[PDB]
Amino acid sequence: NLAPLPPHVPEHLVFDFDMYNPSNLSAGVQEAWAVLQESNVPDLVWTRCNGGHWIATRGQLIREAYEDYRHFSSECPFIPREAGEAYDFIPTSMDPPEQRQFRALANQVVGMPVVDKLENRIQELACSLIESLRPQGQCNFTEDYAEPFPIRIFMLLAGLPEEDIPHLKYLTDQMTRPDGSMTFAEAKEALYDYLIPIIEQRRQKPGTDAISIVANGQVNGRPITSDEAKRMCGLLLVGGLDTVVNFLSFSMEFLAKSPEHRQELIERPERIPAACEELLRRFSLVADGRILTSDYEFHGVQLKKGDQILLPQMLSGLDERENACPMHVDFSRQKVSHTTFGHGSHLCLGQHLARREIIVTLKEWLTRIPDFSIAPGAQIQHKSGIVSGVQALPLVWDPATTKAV
Ligand code: HEM
Ligand SMILES: CC1(C)[C@@H]2CC[C@@]1(C)C(=O)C2
Ligand SMILES: [K+]
């Protein structure tokens, strides 16, 4: 259903793309979004779906807008509008200058030095999951690896019990791919209800877990408030539970369908980090945006104060003006251009954790289960939203072709 076109939006710029249910979804979600880059589609279009909003369709505009926080504010960064208005996670809902003191604190719980200290446990968990799967000759990848591997690591980092995963995962998914049972505001209220007593507990009796570190932290040398600590911890949980989880499934679906790409990584393992970057480009998965702070003419188009603009991080790397033959996965691609982890002052703080999780997965899986395929018959379905994903990924292999390490 289509919101009436506002007076200021030109009719020739209308392209009614629905970011939560794109027309071409059955072709694969990145393909469905890539319809925005077909030959006669402008660089900046308006969709009347999901309340009405702009979409930048090309890397050049996506990058420019993410650099210009004075015109394109993160105070309302999600479509639809009621989700963006309710969204108050820190640091994402803040612009410079005030955003930066909170980044610095977040970076202390998810930054490179923390990832270094988690390295052994990440390795161990990946190995244990894959060894337990190996003799079985099949798995449901999304439930059996893509979910438990990154999520258990996050719950370890945060000092949260694993049995809380089903509830937290349900709430996080309502924020990014809602099934309709909860609004964003209701899912956020429920995440905060979970965190409130845990934050108070850990301010009274600090531990060394991520929640204690945020809740007792300072920002530019003054103490964080309880409310700030909640709004930061909520975001960290969303990052831990609904990013890498989805990305792994796109990457493994691809590797299951492409024996020659797996053979490349089996024959030349040194290539894994490069392969991780090219998969992060091809199977990019996030699309959020910004709100106009004022009336502003951008690339010949009159934007009005309060308009929302979706700036899909997914699209920059898929743009043939950034990467030739963008739908082709080439592990030797010379200049891998992408904004998969975002761009500008909100560049992902979890990207070092994400890459370590991805590269360990590829190394440890291909080492033990070098040969596998999609279960015969399976019609793999994607789902689209703020973070896109894979509904189910049934894999099979012959245990005789596997290796214990
Ligand atoms: C493949 C995995 C990941 C992708 C593709 C991803 C992508 C993104 C993108 C696109 C943004 C910027 C959003 C904006 O500008 O509005 C971002 C921000 C952030 N992400 Fe990641 N993310 C991933 C993994 C993680 C993980 C594992 C964590 C935490 C455990 C995390 C924590 C953060 C935080 C805290 C921010 C906010 C930074 C700020 O606003 O200054 N992300 N992520
Ligand atoms: C868009 C994101 C991937 C980024 C980290 C989690 C997420 C859903 C946000 O709310 C900011
Ligand atoms: K808001």
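Throughout, residue positions are numbered sequentially from 1 according to the sequence presented. All values below come from the heavy atoms of this structure, side chains included, with hydrogens, waters and symmetry mates left out.
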Determine, step by step, whether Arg70 and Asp95 satisfy the salt bridge (charged side-chain N to carboxylate O under 4.0 Å, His left out) criterion, reporting the C-alpha distance in whole Å, the side-chain angles of both residues, the deciding distance to 0.1 Å, and the verdict. CA-CA 8 Å; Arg70 293 197 196 291; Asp95 302 301; over 6 Å; no
Over 12 non-hydrogen atoms of neighbours within 6.0 angstrom of CD in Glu270: yes
Show the numbers, then the answer: is there a side chain to side chain donor-acceptor pair (under 3.5 Å) between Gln99 and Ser345? CA-CA 9 Å; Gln99 174 213 355; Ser345 72; 3.0 Å; yes
Is it the case that the side chain of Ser74 and the backbone of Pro77 share a donor-acceptor pair, with hydrogens and angles ignored and the cut-off at 3.5 Å? no
Those residues that, when tested against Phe72, pass ring-ring contact (aromatic ring centres under 6.0 Å, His included) (two or more places apart): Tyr296, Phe298
Quiz question: by atom type and distance under 3.5 Å, do the side chains of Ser249 and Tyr145 form a donor-acceptor pair? no
Any ion pair linking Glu253 and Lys257 (charged N to carboxylate O, less than 4.0 Å)? yes
On a heavy-atom basis, the closest approach of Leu279 and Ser251 is CB-OG, 3.8 Å
Between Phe141 and the options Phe372, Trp365, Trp397, the ring pair (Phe, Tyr, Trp, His ring centres under 6.0 Å) test singles out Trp365
Electrostatic pair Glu31:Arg282 at N-O distance under 4.0 angstrom: yes
What's the shortest heavy-atom distance between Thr243 and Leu285, and which atoms? O-CD1, 3.8 Å
Whether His261 and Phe254 hold their rings parallel, tilted or perpendicular, with breakpoints at 30° and 60°: perpendicular
Could you walk me through whether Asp43 and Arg321 satisfy the salt bridge (charged side-chain N to carboxylate O under 4.0 Å, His left out) test, starting with their C-alpha distance in whole Å, then the side-chain angles of each, then the deciding distance to 0.1 Å, before giving a yes or no? CA-CA 12 Å; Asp43 286 356; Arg321 308 182 191 158; 3.0 Å; yes
Test item: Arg203 and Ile224 side chains (from C-beta on) under 4.5 Å apart, heavy atoms: yes
Determine, using ring centers only, whether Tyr192 and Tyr194 are less than 6.0 Å apart. no
May I ask you to check whether over 12 heavy atoms, not counting those of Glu67, lie within 6.0 Å of atom CD? yes
Give, for atom SG of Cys233 and atom CD1 of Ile213, the distance between the pair rounded to the nearest 0.5 Å. 10.5 Å
Flag, side chain of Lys363 to backbone of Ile272, donor-acceptor distance under 3.5 Å: no
Does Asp307 use its side chain to pair, donor to acceptor, with the backbone of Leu303 at less than 3.5 Å? no
Determine yes or no for a side-chain-to-main-chain donor-acceptor pair under 3.5 angstrom, with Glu228 supplying the side chain and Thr225 the backbone. yes
Treating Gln351 as the side-chain partner and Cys348 as the backbone partner, does any N or O pair qualify as donor plus acceptor under 3.5 Å? yes
Can you tell me which residue pairs pass the side chain to side chain donor-acceptor pair (under 3.5 Å) test with a partner in residues 121-134, sequence neighbours excluded? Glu131-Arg134, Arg134-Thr402
NZ/NE/NH1/NH2 to OD/OE distance under 4.0 Å, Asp68 and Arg290: no
Please check: side-chain N/O of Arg281 versus main-chain N/O of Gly317, any donor-acceptor pairing under 3.5 Å? yes
What distance separates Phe154 CZ from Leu237 CG, expressed to the nearest 0.5 Å? 4.5 Å
Using 0.5 Å steps for rounding, measure from the NZ atom of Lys383 to the CG atom of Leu25. 11.0 Å
Close aromatic pair by centroid cut-off 6.0 Å: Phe247 and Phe283: no
Please say which of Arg63, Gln60, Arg58 ends up in a side-chain hydrogen bond (donor to acceptor under 3.5 Å, both in side chains) with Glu322. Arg63
Before giving the answer on salt bridge (charged side-chain N to carboxylate O under 4.0 Å, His left out), spell out for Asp16 and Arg48 the whole-Å C-alpha distance, their side-chain angles and the decisive distance to 0.1 Å. CA-CA 6 Å; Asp16 296 309; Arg48 302 175 287 181; 2.8 Å; yes
When you measure from the side chain of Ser212 to the backbone N and O of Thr208, does any donor-acceptor pair fall under 3.5 Å? no
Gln204 atom CD, neighbour heavy-atom count above 12 within 6.0 Å: yes
Distance-only side-chain donor-acceptor flag, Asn323 / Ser337, under 3.5 Å: no
Close aromatic pair by centroid cut-off 6.0 Å: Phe250 and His382: yes
Return the minimal non-hydrogen interatomic distance between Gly217 and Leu105, and the atom names on each side. CA-CD1, 4.0 Å
I need the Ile79 CD1 to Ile386 CD1 distance, nearest 0.5 Å. 7.0 Å
What heavy-atom pair brings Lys230 and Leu195 nearest, and what distance separates the two atoms? O-CD1, 4.0 Å
Quiz question: by atom type and distance under 3.5 Å, do the side chains of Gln391 and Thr142 form a donor-acceptor pair? no
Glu277/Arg355 ion pair, N-O < 4.0 Å: yes
Do you know the tightest heavy-atom contact between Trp33 and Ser388? NE1-OG, 4.2 Å
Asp179 atom CG, neighbour heavy-atom count above 12 within 6.0 Å: yes
Residue list, side-chain hydrogen bond (donor to acceptor under 3.5 Å, both in side chains) with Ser284, at least two apart or on another chain: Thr340
Show your working on side chain to side chain contact (heavy atoms under 4.5 Å, CB included) between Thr47 and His53 and close with a plain yes or no. CA-CA 6 Å; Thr47 175; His53 61 92; 3.2 Å; yes
Does the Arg356 side chain pair with the main chain of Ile122, one donor and one acceptor, at a distance under 3.5 Å? no
Please report the interatomic distance CG(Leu318) to OG1(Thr339), rounded to the nearest 0.5 Å. 9.0 Å
Between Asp173 and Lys169 (salt bridge meaning N to carboxylate O under 4.0 Å), is one present in this structure? yes
Which heavy atom of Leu171 sits nearest to which heavy atom of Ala187, and what is that distance? O-CB, 3.7 Å
Report yes if some heavy atom in the side chain of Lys305 is under 4.5 Å from a heavy atom in the side chain of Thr293; otherwise report no. no
To the nearest 0.5 Å, tell me how far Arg231 CZ sits from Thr92 OG1. 10.5 Å
Is it the case that the side chain of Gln308 and the backbone of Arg81 share a donor-acceptor pair, with hydrogens and angles ignored and the cut-off at 3.5 Å? yes
Just wondering, do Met232 and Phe102 contact through their side chains at under 4.5 Å, heavy atoms? yes
Keeping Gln174 on the side-chain end and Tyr170 on the backbone end, is there a donor-acceptor pair under 3.5 Å? yes
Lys304/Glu297 ion pair, N-O < 4.0 Å: no
Are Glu38 and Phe15 close enough that some pair of their side-chain heavy atoms sits under 4.5 Å apart? no
Note, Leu191 side chain near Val238 side chain (heavy atom, < 4.5 Å): yes
Under 3.5 Å, is there a donor-acceptor pair between the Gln313 and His338 side chains? no
